[PDB]
Structures are given as structure tokens and as C-alpha cells.
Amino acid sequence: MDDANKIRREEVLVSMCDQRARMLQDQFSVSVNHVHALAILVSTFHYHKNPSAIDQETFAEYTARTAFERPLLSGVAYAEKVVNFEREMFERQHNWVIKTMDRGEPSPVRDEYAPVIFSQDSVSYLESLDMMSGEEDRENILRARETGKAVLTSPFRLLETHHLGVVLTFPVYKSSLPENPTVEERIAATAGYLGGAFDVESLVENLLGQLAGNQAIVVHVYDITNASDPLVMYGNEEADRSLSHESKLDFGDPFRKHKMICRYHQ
């Protein structure tokens, strides 16, 4: 009611929204760094070491025990690069056929594939699935290996849970990767892709829901990579259309842009 109270009413919204934005950004950052460590893990213990020290069992165990290191991630998995020329050989050795993600059926002929060979049990259904048979995942895989850095997809509904989230992807390179490599060289030296599923719908709601004063505030997160086409990353809704605040978000991928919008319930 009061006018001076309105000022403080905004100050509160600003503080609450900014804090929640910092928490989200930090938690995301922490998870990205540990996934990065997993990519290095696979490179060191699977490819560099002879013989490999990593099988599905080992990957499952280590990732499970370190799940607390990756908050906001529902699971991690490693997909290996497989060129069509190698497919038969790859499938005979693993004793299973590469499958599409849409139906889990034997994949048709493609130039290359990205089937998951290692997976955290939380996402064990990814095993043998070709990560390139999904458009979001395919684009992430390409940009990942071309840039040599972590990358994020647009928000989309994940496999099995259908939860709205985003996928994080790190490239894994063979030792043959030249220093100061070109994009062409990065592609030629690609071994595989370490991916993480950011279950935003479930895990972000869980983080926010526990915070004091949550019932009083409405929190929305947007992918604004495309100015004219903002994509809802999190949030549903009846709210206070008179006042709002925009908090800054940086999820680490220069190719994507995000922001948080907060309002009062009423």
C-alpha cells in the first residue's frame, strides 16, 4: 500500500532474484567443471592407459559416487565417435547394434555415429543409443568437437523423463591432436563426447523450492540466444504483472544467452 514500502518491495525482489541467479549460475558452473574432469578422466584412464582401466561397471561406480559433485545433472555418459566404415567392427566387438534414440531401433546407415558406451546408471537407457540421432544432441556434439570447449543445447525435453532441460557436452580428443589445432584437425582427432543432462525442470525446481520465501516469488529462466525467439528454460502462470526484475545468467557457453525473470505471486 505505502509508497516507501513499494520501494522496499522492489529491493526485496531484486535481492531474492539476484541471489537465486547467483546460486543457479554457480551450481551450473561447478557441474560443468566436474564434467570437464570426467572428460579428462576418460582420456587418461580409457584411451591413454594401456590397457583401458574403464569399463561400464567402473564408469557407473565412479560417476555414482561423485554424483554430488554434479548438482543439477541427472546423469552423465560417454559417447564414442564411430564412422560408418567402422560400424560393423564396433558392433561385433561390443556385441550390440547402434540404435536410434527416437524408438531404440537399429540405426539406419549414416556417415558417422555417437553411440553411448559408458553411462551413469541414472541414464543407463542411453547405452548403445546414437546421440547424433537427436537434433539437439547432434548439434551439440558438432560444435563441441569443432570448438574444443563445453557447449549447451537449446532447452528441450529429455529422453525417458520428458523433463525440460538442456544437454552439456565436452569433446574428447585423441593424443594425435596437434597443438593450436584447426577445426579440421579437431574433427579428425575426435575420440568421443562426454555429455551431461541438465534436468532443469526437476532439479532447478528442487533447488528453488527449498529456499525461503519461494511461495512469494515467481521464477522464470529464458534462453535468449535468439532475441526475437526467447525460449522458456524454466518456469510455468498467475503473477504480478506490475513489477518484475531481470537477473543476469552466464552458463559458460558463448554461443548461448540466458536470463532470469522474477515477479511476485501477486
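Between two forms, the rigid core is the largest collection of C-alphas that superpose within 1.5 Å. When you see a residue number, it is the position in the sequence shown, counting from 1.
Root-mean-square C-alpha deviation from the shown form, taken over all structures in 6 other deposited structures of this protein superposed by the rigid core, is larger for 45 to 53 than for the alternative among 45 to 53 and 199 to 207. In at least one third of the other compared structures of this protein with flanking residues present, residue 239 is left unmodelled. According to the record, the deposited sequence contains 1 to 3 residues between residue 236 and residue 237 that were left without coordinates. Comparing 138 to 146 with 105 to 113, the higher mean C-alpha B-factor in the PDB entry belongs to 105 to 113.
Between 180 to 188 and 114 to 122, it is 180 to 188 that carries the larger average Cα temperature factor according to the deposited entry. If you compare the C-alpha temperature factors of 36, 70, 48, 241 in the entry, 241 comes out highest. Residue-level inspection of the entry shows that, of 205, 61, 55, 199, 205 has the top Cα B-factor. In the PDB entry, residue 224 places in the highest third of its chain by CA B-factor. The entry lists a Cα temperature factor for residue 133 that places it in the lowest third of the chain's modelled residues.
Residue 97: CA B factor lies in the middle third for its chain, per the PDB record. For residue 88, the recorded CA temperature factor ranks within the highest third of the chain's modelled residues.
Annotation for residue 30: CA B-factor lies in the lowest third of the chain's modelled residues.
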